[PDB]
Amino acid sequence: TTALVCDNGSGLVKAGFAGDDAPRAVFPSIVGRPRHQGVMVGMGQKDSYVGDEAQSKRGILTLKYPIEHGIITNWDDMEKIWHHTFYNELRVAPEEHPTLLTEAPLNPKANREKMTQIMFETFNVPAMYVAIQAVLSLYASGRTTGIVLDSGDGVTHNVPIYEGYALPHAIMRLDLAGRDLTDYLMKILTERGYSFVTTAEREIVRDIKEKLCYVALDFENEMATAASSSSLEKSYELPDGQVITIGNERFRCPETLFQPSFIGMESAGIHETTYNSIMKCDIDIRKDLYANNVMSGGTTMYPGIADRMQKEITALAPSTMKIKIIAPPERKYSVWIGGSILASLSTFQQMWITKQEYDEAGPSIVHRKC
Amino acid sequence: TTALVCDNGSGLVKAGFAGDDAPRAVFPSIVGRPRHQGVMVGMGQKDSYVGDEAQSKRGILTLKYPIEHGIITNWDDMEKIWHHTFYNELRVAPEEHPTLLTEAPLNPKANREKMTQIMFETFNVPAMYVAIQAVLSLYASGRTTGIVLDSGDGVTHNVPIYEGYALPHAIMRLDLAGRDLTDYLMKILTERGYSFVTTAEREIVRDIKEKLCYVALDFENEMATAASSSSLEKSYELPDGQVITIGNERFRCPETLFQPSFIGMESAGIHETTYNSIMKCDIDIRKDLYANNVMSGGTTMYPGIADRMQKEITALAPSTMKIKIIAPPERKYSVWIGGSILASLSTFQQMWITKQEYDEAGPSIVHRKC
Amino acid sequence: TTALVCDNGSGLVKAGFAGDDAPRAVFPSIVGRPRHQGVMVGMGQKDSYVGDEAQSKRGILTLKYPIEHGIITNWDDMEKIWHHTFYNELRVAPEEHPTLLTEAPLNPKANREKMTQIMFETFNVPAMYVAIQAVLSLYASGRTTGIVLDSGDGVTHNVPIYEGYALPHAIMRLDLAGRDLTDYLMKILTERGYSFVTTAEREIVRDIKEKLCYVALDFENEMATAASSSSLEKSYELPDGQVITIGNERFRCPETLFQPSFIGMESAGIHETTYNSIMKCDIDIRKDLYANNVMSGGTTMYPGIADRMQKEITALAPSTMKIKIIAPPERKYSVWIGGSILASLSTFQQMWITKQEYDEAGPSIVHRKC
Amino acid sequence: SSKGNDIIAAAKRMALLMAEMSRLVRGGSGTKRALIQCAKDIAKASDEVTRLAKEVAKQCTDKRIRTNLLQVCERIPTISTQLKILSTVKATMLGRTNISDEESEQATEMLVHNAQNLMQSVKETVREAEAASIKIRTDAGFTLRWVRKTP
Ligand SMILES: Nc1ncnc2c1ncn2[C@@H]1O[C@H](COP(=O)(O)OP(=O)(O)O)[C@@H](O)[C@H]1O
Ligand SMILES: Nc1ncnc2c1ncn2[C@@H]1O[C@H](COP(=O)(O)OP(=O)(O)O)[C@@H](O)[C@H]1O
Ligand SMILES: Nc1ncnc2c1ncn2[C@@H]1O[C@H](COP(=O)(O)OP(=O)(O)O)[C@@H](O)[C@H]1O
Ligand SMILES: [Mg+2]
Ligand SMILES: [Mg+2]
Ligand SMILES: [Mg+2]
């Protein structure tokens, strides 16, 4: 048989088989339910849509994400997504495949115990294991040493690793990611007269964010350039045929990662959170962490995010150090690719949590093993 | 047993059986009573005429319609038309057939409650159901998605439907239809010296409307064309034997669907009512509504109505969408044809209002089901 | 000289002088134009009516509101209302008075740049300033701390303020107010057989809304009470002399504020919008916001709106906090009264935008100050 | 496991009748009477799919599969009924004299789109029935047991 690698993100589900180089199923992690009146007989009887069919029929549905900031909040809608990615997307039975799941650090412990109970008592997997998402991004980089910055849809976290040893006192976590930049771009698009208030219109602004937004190298130079010129303007066409024009909100939306006061948060930016995680580590390993800054996740895919991170960390580093940011083109699947490496190691098959190990310890076995 | 489909419109009754391709009985929805002196013994003793009996003897009768603007105003006359379409037209017994009825949206609730009381306590049907006319026009086109323009003799209404879901906040209704065009054509025929005043002469101007009237593509071109030449002139022969000649009133009569201010109404045209009902819908379903503009009813049977509708909505659309008006040649019976589709569905037979259910809830059961 | 305070609402204009206790001029924000034929020589040649004279001659006029949803859409008609409220209503010259204007939050920035240009280049005021409407509703309550709920004719917005500091990430805005309840009441009056379609008939249903409507404390009990009893019925006399009778639509029209699904919106009610705006704020200031719930504007004037807001927020609050809704009897003018407090402050006199500052920086100076 | 692979062959007979109907729309006015006969048996071939996709729902014990399968298969008794009645209406409208070249041009698109909508509704019940075969197979034995690899 073959191990399954499921990466349940806050915004996307990346599932597939252990050993491959790309996930087989990549679909949104939403559940849509209809909100209008089904006047035609026979057609309107489906109660909920899950994967890409909730995204195509989204004009008549209420879209809900079951995961907010890495924490599963809707446990009934989460089982619909897990039943969809097994039977409808991968088309495998879960009884014949061990499943590798992921999680962010500094989550509640009831989140990791309930997804262990659901996997063993609803889908009846033979074995399972929960891993940390920033450890798996280091497997997908050709490295055993470096500090990972993983920014997805709900969580941004830093993990320093030196020669396979993590330093858990220096692990940072910041609840600001791609869902909070979509909500901020919706707020500053009202300054031009565009109003997106529906949850189906939130999926439209997420498409404007992924195509027209970038990270400015100097924020105050671009704010003065956009006021004097009109070369920073771009156009996007809505699903009904209307054309909107944004020129200033292209770089003001991902500046919230570097200035989180734009949404009323007191936290420091992702350049200062990284530097504070290095300076919490020991002085003899700091030189090998400055030269290995692995960026992972989907929110690290803006144009200019890695040249801005190099400019801001060099201004904090002691100026004889060599700053280098590793940002591969497959950043969006680093947690999946390194998760398929880990499930393929011959050493790893003594580290699964089997089902008969689960019967004497209950769901508390996932804390003593993972 | 076979279900009955009865489409009580404001001008015509379309009755038949569930499953056929055309209504069996189509007759005017009038009731005529004599207005003269019955000097010959034995002959002149009938007191009321209903179907084509009143359309044939109309020279000695006063014709009256029990339905205006989609609302039944005379309830003693509407029982005569229902008794005529059962025993004399279809020649069936109403106790052995469930009857499907239709109604316009945004109608009074006392209109729907009284027509279940007449059907259950005077004609004693085993079951019944009241359907919306613009939903049944979508069944008769092979679609489950599109905005319907139903325009008959009293009501013009728009209903948007996407994948079997109606959006009832975007449903429009305009009380301007083929009877308000007959009354306007009677008024502008006084400019040529033709006086039609009685209710029997109203049925003659309805034949001039159905034969010589069309919709101009641009109203201001043909208003100068008809003053330059006499090529738009046409002749009609009255039942007396006289010949009238109309040249300018051919396109000025159906123009008041697009400019309702010709009869003193503040409402917008049928092209702006269609566009405003699309713009009340959600932005993701607007593209599939522009491409499916189903036209229904007998007032949409003018020569040139569908090319004028394509010109006017394209001028309001955002110029990237494609507009398409579906106007089949069976437009006059699309409410009936879709009504015979619905009563033939095996899913529909759990949706009837049986007489056992009516005895427990009274006439308020028709609002919970239909 | 005395400063002018003009509160341009979506439905009503409230103008007056800074320092007083009530606005001097309160008139509808409409512009009426004739739709019929002026057959008598000399009389019918006025082409536009503005204030209360468009409301009195409304039977021969087409009424237009130049502001919907808080945004000025007709700029030729908006200068007619400003020229009416200066010369004809207040009887002052605009060159000798600085003018305080208001605006809703999250509004387009071209709306505030154009109304600065109209004041400085058409009416030639010496100075001006634009203030947020919910900040002015806190001045008029004797408080410096509390979350404001302002609901007028186009916009319903929440603003939290603690000791004079606003939290702009927690400011809400919902485009549902008293004009969207007039249209919904017009739609559910068709169930009783009453049809109001004209824009002049829209002003009649607005008087029915302001006189017979109230907010039910428990909605599902009143929906069962009105079906069993007949004590909830009331009568209203139309200007023609007819009498209508509504019993169920009295509490179903203002329930759209608490269930916005009734008009096809996905948003939450004003009790959940208020609670979500409190929970976006910091935990140390949440106790002083539960105890100060300031209601403002004309849509908060239903009988029972404040006892219903207390029941619904208490069901969401953590049950050891005390909820107190402050709803003064002068709620309709609290944005004006707080605007006359602010324009009378000696601290404020250095915060006007003078006309010489406008010539140096153009219309973009209104964002650097207000 | 014998009525699980019956659905694929039943839904592949409809794929041949759709491709047969797609060839008849290129020809002129002579081949449109065979177009209506090609639409009156797609609606009958779709009745075979809903006859035995109900039988798979009586076999599956997982309630999230057996209720998701019946919610998607009930469109096929609806679009088939309005395809065999719309074909009867178009079979009568050709009996008129001198209709147009454009009137009958758009009358076939009301039968093609009604049949493309039926074919797109029957491929989405094969997907929820192929997901039912995974649950039927493991509850009747046929399960590969996983064993942990020894170092
Ligand atoms: N090209 C892009 N530019 C900016 N943001 C992007 C881009 N592509 C995806 N995103 C964002 O990435 C997020 C999802 O990335 P991912 O790491 O897969 O999330 P998760 O780990 O939560 O599943 C979304 O918020 C999406 O908007
Ligand atoms: N060819 C035609 N051109 C214009 N109007 C027509 C034509 N045929 C019928 N009408 C009008 O259609 C109306 C009746 O259409 P129909 O929709 O069947 O009636 P109902 O009001 O009962 O739904 C009448 O007012 C009649 O004048
Ligand atoms: N007593 C009342 N009950 C309910 N609604 C009212 C009442 N008085 C006024 N309104 C509504 O208040 C709205 C205007 O309120 P107001 O705040 O003065 O307007 P704006 O803020 O738009 O200038 C109108 O839509 C009107 O119908
Ligand atoms: Mg992730
Ligand atoms: Mg009709
Ligand atoms: Mg106001």
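Residues numbered from 1 in each chain as written, not as in the entry; some residues may be left out. Chains lettered and ligands numbered in written order. Part of a larger assembly, values for the part shown. Heavy atoms only, no water.

Structure determination for this PDB entry was carried out by cryo-EM, with a resolution of 2.9 Å recorded in the header.

Participant: What should I look at first to understand the overall build of chain D in this one?
Facilitator: A tally of helices and strands in chain D yields 9 helices and 0 strands. Element order for chain D, N to C, with α for helix and β for strand: α-α-α-α-α-α-α-α-α. Its C-alpha atoms give chain D principal-axis dimensions of about 80 × 30 × 20 Å. A sequence separation of at least 24 residues applies to 80% of the contacts in chain D between residues at least 6 apart. Accessible surface for chain D amounts to roughly 8000 Å². Of this, 52% is attributable to carbon and sulfur atoms. (Helix = DSSP H or I, 4+ residues; strand = E, 2+ residues; numbered from the N terminus. Contact = heavy atoms within 4.5 Å. Areas by Shrake-Rupley, 256 points an atom, 1.4 Å probe, with all protein chains shown as cover.)

Participant: Just checking my understanding: could you explain the overall build of chain A for this structure?
Facilitator: The helix and strand tally for chain A stands at 14 helices and 18 strands. The dimensions of chain A, computed from C-alpha atoms along their principal axes, are 70 × 70 × 35 Å. Sequence-distant contacts, at least 24 apart, represent 67% of the contacts inside chain A between residues at least 6 apart. Summing over all exposed atoms, chain A offers an accessible surface of approximately 14300 Å²; the carbon and sulfur share of this is 48%. One way to put it: in chain A the 37 positive side-chain charges average out to a point 1 Å from where the 46 negative ones average out. (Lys, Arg positive; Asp, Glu negative; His and termini not counted. Charge placed at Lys NZ, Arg CZ, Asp CG, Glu CD.)

Participant: Just to check I follow, could you spell out the pattern of salt bridges for this structure?
Facilitator: One side chain can pair with another of opposite charge once the charged atoms of both are near each other. A complete count under the given rule lists 68 salt bridges over all chains for this structure. The salt bridge partner of C:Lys14 is C:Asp7, with a shortest N-O separation of 3.8 Å. By relative accessible area, C:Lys14 is classed as buried at 9%. Close ionic contact of D:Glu48 with D:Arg51 constitutes a salt bridge, the shortest N to O distance being 3.1 Å. (Salt bridge = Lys/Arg side-chain N within 4 Å of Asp/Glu carboxyl O. Buried < 20%, exposed > 50% of the residue type's maximum accessible area, 1.4 Å probe, protein only.)

Participant: Just to check I follow, could you spell out the packing of aromatic side chains for this structure?
Facilitator: Any two aromatic rings considered together are summarised by their centre-to-centre distance and by the angle between their planes. All chains considered together, the criterion is met by 27 aromatic pairs over all chains. For the ring pair A:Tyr184 and A:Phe262, a centre distance of 6.3 Å and an interplane angle of 25 degrees mean the geometry is stacked. Taken together, the residues A:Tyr184 in helix α5 (residues 178-188) and A:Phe262 in the loop between α8 (249-252) and α9 (270-279) connect sequence positions 78 residues apart. Overall, the relative accessible area of 8% leaves A:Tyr184 in the buried class. Since its relative accessible area comes to 28%, A:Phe262 is described here as partly exposed. On the numbers, 4.9 Å between centres and 70 degrees between planes, the contact of B:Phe348 with B:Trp352 is edge-to-face. Across this residue pair, the class does not change: B:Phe348 and B:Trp352 are buried. Site record: aromatic cluster; members linked through ring pairs are A:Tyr184, A:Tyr214, A:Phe219, A:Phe251 and A:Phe262. Geometry around A:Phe258 places A:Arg308 over its ring, the cationic atom sitting 4.7 Å from the centre. (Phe/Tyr/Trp six-rings, centres within 6.5 Å; stacked < 30°, edge-to-face > 60°. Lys NZ or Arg CZ within 6 Å of the ring centre and 35° of its normal.)

Participant: Help me understand the interface of chain A and chain B in this model?
Facilitator: Note on interface size: it is often stated as the accessible area lost on association of the parts. If you look at the interface, chain A gives 25 residues, while chain B gives 30 residues. Summing the contributions of chain A and of chain B, the shared interface buries around 2300 Å²; its carbon and sulfur component is 65%. The largest share of the area that chain A buries against chain B comes from A:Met40, A:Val41 and A:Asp240, three residues that together contribute 29% of it. For the pair chain A and chain B, the number of links is 4 salt bridges. (Buried area = accessible area lost by both parts, 1.4 Å probe.)

Participant: I tried to follow a negative patch on the surface on my own but got confused; where do I start?
Facilitator: A cluster of acidic residues, B:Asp307, D:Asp101, D:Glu102, D:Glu105 and D:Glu109, forms a negative patch on the protein surface. Judged by its relative accessible area of 70%, D:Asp101 is exposed. (Patch = residues over 30% accessible without salt bridge, like charges linked within 9 Å, V, L, I, M, F, W, Y side chains within 5 Å.)

Participant: Honestly, the sheet that holds strand β8 (residues 99-103) of chain A in this entry has me stumped. Any pointers?
Facilitator: By definition, the strands of a sheet pair up through backbone hydrogen bonds, in either a parallel or an antiparallel sense. Residues and elements named next belong to chain A. Here we have 6 strands laid out as an open sheet, ordered β3-β2-β1-β8-β9-β18, and mixed in their pairing. Each having just a single partner strand, β3 (25-28) and β18 (353-354) make up the two edges of the open sheet. One ladder, built from 4 bridges, connects strand β2 (residues 12-17) with β3; its direction is antiparallel. Its bridge partner lying in β3, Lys14 is registered against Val26. Helix α3 (residues 109-121) rests against β8, β9 (127-132) and β18 of the sheet, and its axis sits at about 155 degrees to β9. (Pairing = 2+ DSSP bridges. Axes fitted to C-alpha atoms, helices over the stretch in contact; angles between N-to-C directions.)

Participant: Would you mind going over the site of ligand 3 with me for this structure?
Facilitator: Residue and element names in this part refer to chain C. In the region of ligand 3, 17 residues are neighbours, and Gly9, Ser10, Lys14, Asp153 and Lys209 sit closest. Between ligand 3 and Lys14, the relevant distance is 2.8 Å, taken from an oxygen atom to a side-chain nitrogen or oxygen of the residue. Interatomic distance of 3.1 Å between a side-chain N/O atom of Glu210 and an oxygen atom of ligand 3. At the level of elements, β2 (12-17) and α6 (199-212) are the ones that each hand at least two residues to the shell around ligand 3. Looking at the shell around ligand 3, the element that brings in the most residues is α6, giving 3 residues. (Near = heavy atom within 4 Å. Polar contact = N/O pair within 3.5 Å; in protein donor to acceptor, adjacent residues only side chain to side chain.)

Participant: How should the sheet that holds strand β8 (residues 99-103) of chain B be read in this particular structure?
Facilitator: All names here are of chain B. Spatially, 6 strands are ordered β3-β2-β1-β8-β9-β18 in an open sheet, and the strand pairing comes out mixed. Only two strands of the sheet have a single neighbouring strand rather than two, namely β3 (25-28) and β18 (353-354). Alignment of strand β1 (residues 4-8) against strand β2 (residues 12-17), held across 5 bridges, turns out to be antiparallel. Looking at the pairing, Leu4 lines up with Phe17 of β2.

Participant: Just to check I follow, could you spell out unusual backbone geometry for this structure?
Facilitator: A negative phi angle is the norm for most residues apart from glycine, just as the trans form is the norm for most peptide bonds. The backbone of A:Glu163 shows a phi angle near 60 degrees, a positive value even though the residue is not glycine. Position of A:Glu163 among the secondary structure elements: in the loop between β11 (156-162) and β12 (165-166). Here the phi dihedral of B:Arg91 falls at roughly 55 degrees; this positive angle occurs in a residue that is not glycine. Classification of B:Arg91 as exposed rests on a relative accessible area of 66%.

Participant: Help me understand the domain arrangement of chain A in this model?
Facilitator: Residues and elements named next belong to chain A. Parsing chain A into structural domains produces domain 1 (1-30 + 67-130 + 333-367), domain 2 (31-64), domain 3 (132-177 + 267-328) and domain 4 (178-263). Each of domain 3 and domain 4 was reduced to a C-alpha centroid, and the two centroids are 26 Å apart. For the pair domain 3 and domain 4, the summed buried surface comes to about 1700 Å²; carbon and sulfur atoms form 59% of the total. It is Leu176, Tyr302 and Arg308 in domain 3 that bury the most area against domain 4; as a group they hold 41% of the surface buried on that side. Our count for the contact surface shared by domain 3 and domain 4 stands at 2 salt bridges. (Domains from an automatic or database assignment.)

Participant: Just checking my understanding: could you explain the site of ligand 2 for this structure?
Facilitator: All names here are of chain B. Around ligand 2, 17 residues are found, and the nearest of them are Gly9, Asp153, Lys209, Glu210 and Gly298. Contact between ligand 2 and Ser10: an oxygen atom at 3.1 Å from a main-chain N or O atom of the residue. One of the side-chain N or O atoms of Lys14 is found 3.2 Å from an oxygen atom in ligand 2. Compared with its free state, where it exposes 580 Å², ligand 2 has 90% of that area covered by protein. Where the shell around ligand 2 is concerned, the elements lending two or more residues are β2 and α6 (199-212). With 3 residues, α6 is the largest single contributor of residues to the shell around ligand 2. Of the residues belonging to the shell around ligand 2, the class tally is 3 nonpolar, 8 polar and 6 charged. (Nonpolar A, V, L, I, M, F, W, Y, C, P; charged D, E, K, R; others polar.)

Participant: What am I meant to see in the side chain of D:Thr78 here?
Facilitator: Mapped onto the elements of the fold, D:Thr78 is located in helix α5 (residues 76-79). Classification of D:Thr78 as buried rests on a relative accessible area of 1%. Not counting residues within four places of it along the chain, the set of residues in contact with D:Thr78 comprises A:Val41, A:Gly42, B:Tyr139, B:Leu345 and B:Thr347.

Participant: Explanation requested: a nonpolar patch on the surface in the structure shown.
Facilitator: All names here are of chain A. On the surface, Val135, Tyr139, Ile341 and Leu345 cluster together to form a nonpolar patch covering roughly 270 Å² of accessible area. Along the polypeptide, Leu345 turns up in the loop between α12 (334-342) and β18. Judged by relative accessible area, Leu345 falls into the partly exposed class, the value being 32%.

Participant: Got a minute to help me understand the interface of chain B and chain D in this structure?
Facilitator: Taken together, the contact between chain B and chain D spans 22 residues of the former and 20 residues of the latter. The salt bridge partner of B:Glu330 is D:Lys90, with a shortest N-O separation of 2.9 Å. Remark: the boundary between chain B and chain D carries 2 residue pairs in polar contact. Listed by contribution, the elements that provide at least two residues to the side of chain B that touches chain D are α4 (133-139) and α12 (334-342) of chain B. Tallying contributions element by element places α12(B) first for the side of chain B that touches chain D, with 3 residues. Of the residues in the side of chain B that touches chain D, the class split is 10 nonpolar, 7 polar and 5 charged.

Participant: What's the story with helix α7 (residues 86-93) of chain D in this structure? I'm lost.
Facilitator: Side chains of residues three or four places apart in an α-helix project in the same direction, reflecting 3.6 residues per turn. Along α7(D), the positions that sit buried rather than exposed are D:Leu86, D:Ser87, D:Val89 and D:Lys90. Across the axial projection of α7(D), the buried residues extend over an arc of 155 degrees, all falling on one side. In this structure, the buried side of α7(D) is in contact with α4 and α12 of chain B together with α2 (33-39), α6 (81-84) and α8 (103-130) of chain D. (Arc of directions from axis to C-beta.)

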